[PDB]
$ cat run.cif   # mmCIF, C-alpha atoms
data_protein
loop_
_atom_site.label_atom_id
_atom_site.label_comp_id
_atom_site.auth_asym_id
_atom_site.auth_seq_id
_atom_site.Cartn_x
_atom_site.Cartn_y
_atom_site.Cartn_z
CA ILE A 266 -36.33 32.70 -4.80
CA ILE A 267 -33.55 33.99 -2.54
CA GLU A 268 -32.77 30.41 -1.52
CA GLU A 269 -33.50 29.31 -5.09
CA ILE A 270 -30.22 31.08 -5.82
CA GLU A 271 -28.77 28.70 -3.25
CA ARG A 272 -30.59 25.98 -5.19
CA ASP A 273 -29.12 27.63 -8.28
CA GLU A 274 -25.76 26.95 -6.61
CA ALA A 275 -26.11 24.21 -3.96
CA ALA A 276 -28.65 22.24 -5.99
CA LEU A 277 -26.78 23.26 -9.14
CA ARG A 278 -23.86 21.20 -7.84
CA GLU A 279 -26.14 18.78 -5.97
CA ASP A 280 -25.04 15.96 -8.27
CA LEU A 281 -21.55 17.44 -8.05
CA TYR A 282 -21.94 17.54 -4.26
CA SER A 283 -23.02 13.93 -3.71
CA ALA A 284 -20.78 12.45 -6.42
CA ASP A 285 -17.73 14.08 -4.84
CA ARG A 286 -18.80 12.70 -1.45
CA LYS A 287 -19.03 9.19 -2.91
CA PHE A 288 -15.82 9.91 -4.80
CA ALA A 289 -14.43 10.66 -1.33
CA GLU A 290 -16.41 7.94 0.47
CA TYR A 291 -14.50 5.29 -1.51
CA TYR A 292 -11.07 6.60 -0.49
CA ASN A 293 -11.29 4.39 2.64
CA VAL A 294 -13.68 1.52 1.85
CA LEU A 295 -11.79 0.77 -1.37
CA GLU A 296 -8.64 0.97 0.77
CA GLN A 297 -9.54 -2.53 1.97
CA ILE A 298 -9.34 -3.72 -1.66
CA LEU A 299 -7.54 -1.02 -3.66
CA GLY A 300 -5.49 0.32 -0.74
CA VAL A 301 -4.51 -3.06 0.67
CA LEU A 302 -2.77 -4.01 -2.59
CA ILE A 303 -0.52 -0.97 -2.36
CA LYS A 304 -0.19 -2.01 1.28
CA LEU A 305 0.42 -5.54 -0.03
CA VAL A 306 3.82 -4.31 -1.25
CA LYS A 307 4.13 -1.55 1.36
CA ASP A 308 3.61 -4.04 4.20
CA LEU A 309 6.91 -5.56 2.96
CA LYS A 310 5.05 -8.77 2.05
CA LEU A 311 6.16 -8.81 -1.58
CA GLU A 312 9.15 -6.50 -1.06
CA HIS A 313 10.73 -9.12 1.20
CA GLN A 314 9.30 -12.00 -0.84
CA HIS A 315 10.35 -10.83 -4.28
CA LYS A 316 13.69 -11.15 -2.48
CA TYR A 317 12.56 -14.28 -0.59
CA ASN A 318 11.92 -16.19 -3.82
CA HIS B 649 -8.90 10.52 -6.13
CA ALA B 650 -9.46 8.29 -9.16
CA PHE B 651 -5.86 8.81 -10.28
CA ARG B 652 -4.85 8.27 -6.66
CA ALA B 653 -7.05 5.17 -6.84
CA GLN B 654 -5.64 4.37 -10.31
CA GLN B 655 -1.97 5.38 -10.41
CA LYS B 656 -1.27 5.11 -6.68
CA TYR B 657 -3.78 2.36 -5.82
CA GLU B 658 -4.86 0.45 -8.95
CA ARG B 659 -1.44 0.62 -10.60
CA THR B 660 -0.09 -0.66 -7.28
CA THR B 661 -2.70 -3.41 -7.54
CA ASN B 662 -1.17 -3.88 -10.98
CA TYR B 663 2.24 -3.49 -9.32
CA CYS B 664 1.41 -5.94 -6.54
CA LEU B 665 0.28 -8.17 -9.41
CA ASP B 666 3.32 -7.21 -11.51
CA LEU B 667 5.75 -7.41 -8.58
CA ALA B 668 4.16 -10.70 -7.51
CA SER B 669 4.77 -11.72 -11.14
CA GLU B 670 7.99 -9.73 -11.67
CA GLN B 671 10.05 -12.78 -10.76
CA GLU B 672 7.57 -14.88 -12.76
CA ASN B 673 8.45 -12.91 -15.88
CA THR B 674 12.15 -13.40 -15.14
CA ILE B 675 11.39 -17.04 -14.31
CA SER B 676 9.28 -17.21 -17.47
CA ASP B 677 12.24 -15.72 -19.34
CA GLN B 678 14.63 -18.22 -17.71
CA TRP B 679 12.03 -21.00 -17.79
CA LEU B 680 14.44 -23.80 -18.68
CA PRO B 681 17.32 -22.59 -16.42
CA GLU B 682 14.85 -22.01 -13.59
CA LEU B 683 13.77 -25.60 -14.22
CA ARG B 684 17.50 -26.39 -14.31
CA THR B 685 17.84 -24.90 -10.81
CA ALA B 686 14.51 -24.51 -8.99
CA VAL B 687 13.41 -27.99 -10.09
CA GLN B 688 16.98 -29.37 -10.11
CA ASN B 689 15.89 -32.11 -7.68
CA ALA B 690 13.70 -33.69 -10.40
CA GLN B 691 16.15 -35.12 -12.95
CA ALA B 692 18.46 -36.30 -10.18
CA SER B 693 15.52 -38.00 -8.47
CA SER B 694 14.49 -39.27 -11.92
CA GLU B 695 17.76 -41.19 -12.27
CA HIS B 696 16.68 -43.56 -9.48
CA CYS B 697 13.19 -44.23 -10.87
CA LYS B 698 14.53 -47.27 -12.71
CA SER C 53 21.07 -45.68 -20.63
CA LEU C 54 17.52 -45.32 -21.94
CA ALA C 55 16.14 -45.02 -18.40
CA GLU C 56 18.32 -42.08 -17.37
CA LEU C 57 17.95 -40.35 -20.75
CA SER C 58 14.16 -40.55 -21.04
CA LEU C 59 13.32 -39.69 -17.41
CA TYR C 60 14.93 -36.25 -17.80
CA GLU C 61 12.07 -35.19 -20.10
CA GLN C 62 9.64 -34.66 -17.21
CA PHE C 63 12.37 -32.59 -15.57
CA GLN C 64 12.83 -30.74 -18.87
CA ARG C 65 9.08 -30.09 -19.06
CA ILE C 102 -26.00 -4.33 2.45
CA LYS C 103 -24.18 -1.03 1.89
#
$ encode --input "run.cif" --output "structure tokens"
Amino acid sequence: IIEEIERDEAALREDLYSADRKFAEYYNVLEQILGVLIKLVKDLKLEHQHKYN
Amino acid sequence: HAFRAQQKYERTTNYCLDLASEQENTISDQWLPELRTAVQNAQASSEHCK
Amino acid sequence: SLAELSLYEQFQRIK
């Protein structure tokens, strides 16, 4: 029961715990799809090529 | 993170799609004059078809 | 005349 309070808090946010981890686990794996497209203009590829065309 | 993934990542995916098409839209706006210039070597090369 | 005039149309167009 003493640790059930922890379950009443840690397991209360257990879905909140894991979901935030996977909402933070995608900040880098998505960076190779979501974060490369910002890089795709920040790598000067389109910045020079909007001017290149 | 979602807004970072949306406004700073996905909207930049939109931007890197919009910026990659930003000159398209201008070119689409100036479609005939872009054809007058970017494809200017077509009508001149068309004169010697016959 | 007709040759040069008509041929400008294509130019005009796991974890």
$ resolve_selection --input "run.cif" --expression "the PyMOL selection byres ((chain A and resi 292) around 12)" --output "PyMOL selection string"
(chain A and resi 285-291+293-301) or (chain B and resi 649-654+656-657)
$ atom_distance --input "run.cif" --atom1 "atom CA of residue 65 of chain C" --atom2 "atom CA of residue 687 of chain B"
10.2 Å
$ resolve_selection --input "run.cif" --expression "the PyMOL selection byres ((chain B) within 12 of (chain C))" --output "MDAnalysis selection string"
chainID B and resid 679:698
$ atom_distance --input "run.cif" --atom1 "atom CA of residue 678 of chain B" --atom2 "atom CA of residue 310 of chain A"
23.9 Å
$ resolve_selection --input "run.cif" --expression "the PyMOL selection byres ((chain B) within 7 of (chain A))" --output "list in words"
residues 653, 657, 658, 660, 661, 664, 668 and 671 of chain B
$ decode --input "run.cif" --residues "chain C" --atoms "N, CA, C and O atoms" --output "PDB file, in the first residue's frame"
ATOM      1  N   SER C  53       6.300  30.441 -94.091  1.00  0.00           N
ATOM      2  CA  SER C  53       5.461  31.218 -93.183  1.00  0.00           C
ATOM      3  C   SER C  53       4.652  30.317 -92.256  1.00  0.00           C
ATOM      4  O   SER C  53       4.651  30.509 -91.035  1.00  0.00           O
ATOM      5  N   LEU C  54       3.954  29.327 -92.818  1.00  0.00           N
ATOM      6  CA  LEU C  54       3.151  28.441 -91.981  1.00  0.00           C
ATOM      7  C   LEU C  54       4.025  27.544 -91.115  1.00  0.00           C
ATOM      8  O   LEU C  54       3.613  27.153 -90.017  1.00  0.00           O
ATOM      9  N   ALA C  55       5.225  27.205 -91.590  1.00  0.00           N
ATOM     10  CA  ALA C  55       6.120  26.359 -90.808  1.00  0.00           C
ATOM     11  C   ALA C  55       6.586  27.071 -89.544  1.00  0.00           C
ATOM     12  O   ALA C  55       6.491  26.524 -88.440  1.00  0.00           O
ATOM     13  N   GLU C  56       7.083  28.302 -89.683  1.00  0.00           N
ATOM     14  CA  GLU C  56       7.593  29.020 -88.520  1.00  0.00           C
ATOM     15  C   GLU C  56       6.473  29.428 -87.570  1.00  0.00           C
ATOM     16  O   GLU C  56       6.693  29.511 -86.356  1.00  0.00           O
ATOM     17  N   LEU C  57       5.274  29.688 -88.096  1.00  0.00           N
ATOM     18  CA  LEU C  57       4.172  30.121 -87.243  1.00  0.00           C
ATOM     19  C   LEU C  57       3.609  28.966 -86.422  1.00  0.00           C
ATOM     20  O   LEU C  57       3.329  29.125 -85.228  1.00  0.00           O
ATOM     21  N   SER C  58       3.438  27.797 -87.042  1.00  0.00           N
ATOM     22  CA  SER C  58       2.803  26.675 -86.358  1.00  0.00           C
ATOM     23  C   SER C  58       3.734  25.995 -85.363  1.00  0.00           C
ATOM     24  O   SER C  58       3.273  25.510 -84.323  1.00  0.00           O
ATOM     25  N   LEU C  59       5.034  25.947 -85.655  1.00  0.00           N
ATOM     26  CA  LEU C  59       5.979  25.243 -84.797  1.00  0.00           C
ATOM     27  C   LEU C  59       6.263  25.975 -83.492  1.00  0.00           C
ATOM     28  O   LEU C  59       6.926  25.407 -82.617  1.00  0.00           O
ATOM     29  N   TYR C  60       5.787  27.211 -83.338  1.00  0.00           N
ATOM     30  CA  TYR C  60       5.904  27.914 -82.068  1.00  0.00           C
ATOM     31  C   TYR C  60       4.854  27.478 -81.055  1.00  0.00           C
ATOM     32  O   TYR C  60       4.944  27.871 -79.887  1.00  0.00           O
ATOM     33  N   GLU C  61       3.864  26.683 -81.471  1.00  0.00           N
ATOM     34  CA  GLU C  61       2.821  26.248 -80.548  1.00  0.00           C
ATOM     35  C   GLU C  61       3.371  25.294 -79.495  1.00  0.00           C
ATOM     36  O   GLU C  61       3.024  25.400 -78.313  1.00  0.00           O
ATOM     37  N   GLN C  62       4.225  24.351 -79.904  1.00  0.00           N
ATOM     38  CA  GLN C  62       4.852  23.456 -78.935  1.00  0.00           C
ATOM     39  C   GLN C  62       5.714  24.239 -77.955  1.00  0.00           C
ATOM     40  O   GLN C  62       5.770  23.912 -76.764  1.00  0.00           O
ATOM     41  N   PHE C  63       6.404  25.270 -78.443  1.00  0.00           N
ATOM     42  CA  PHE C  63       7.113  26.180 -77.551  1.00  0.00           C
ATOM     43  C   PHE C  63       6.143  26.929 -76.646  1.00  0.00           C
ATOM     44  O   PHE C  63       6.418  27.127 -75.456  1.00  0.00           O
ATOM     45  N   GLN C  64       5.006  27.362 -77.197  1.00  0.00           N
ATOM     46  CA  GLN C  64       4.004  28.052 -76.390  1.00  0.00           C
ATOM     47  C   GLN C  64       3.434  27.135 -75.316  1.00  0.00           C
ATOM     48  O   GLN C  64       3.212  27.564 -74.178  1.00  0.00           O
ATOM     49  N   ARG C  65       3.190  25.874 -75.658  1.00  0.00           N
ATOM     50  CA  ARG C  65       2.699  24.895 -74.698  1.00  0.00           C
ATOM     51  C   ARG C  65       3.813  24.529 -73.724  1.00  0.00           C
ATOM     52  O   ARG C  65       3.631  24.575 -72.508  1.00  0.00           O
ATOM     53  N   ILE C 102      12.482  -3.512 -37.980  1.00  0.00           N
ATOM     54  CA  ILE C 102      11.774  -4.376 -37.046  1.00  0.00           C
ATOM     55  C   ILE C 102      11.326  -3.580 -35.827  1.00  0.00           C
ATOM     56  O   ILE C 102      10.486  -4.034 -35.051  1.00  0.00           O
ATOM     57  N   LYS C 103      11.892  -2.388 -35.666  1.00  0.00           N
ATOM     58  CA  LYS C 103      11.599  -1.508 -34.543  1.00  0.00           C
ATOM     59  C   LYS C 103      11.141  -0.141 -35.035  1.00  0.00           C
ATOM     60  O   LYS C 103      11.465   0.893 -34.446  1.00  0.00           O
TER      61      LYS C 103
END
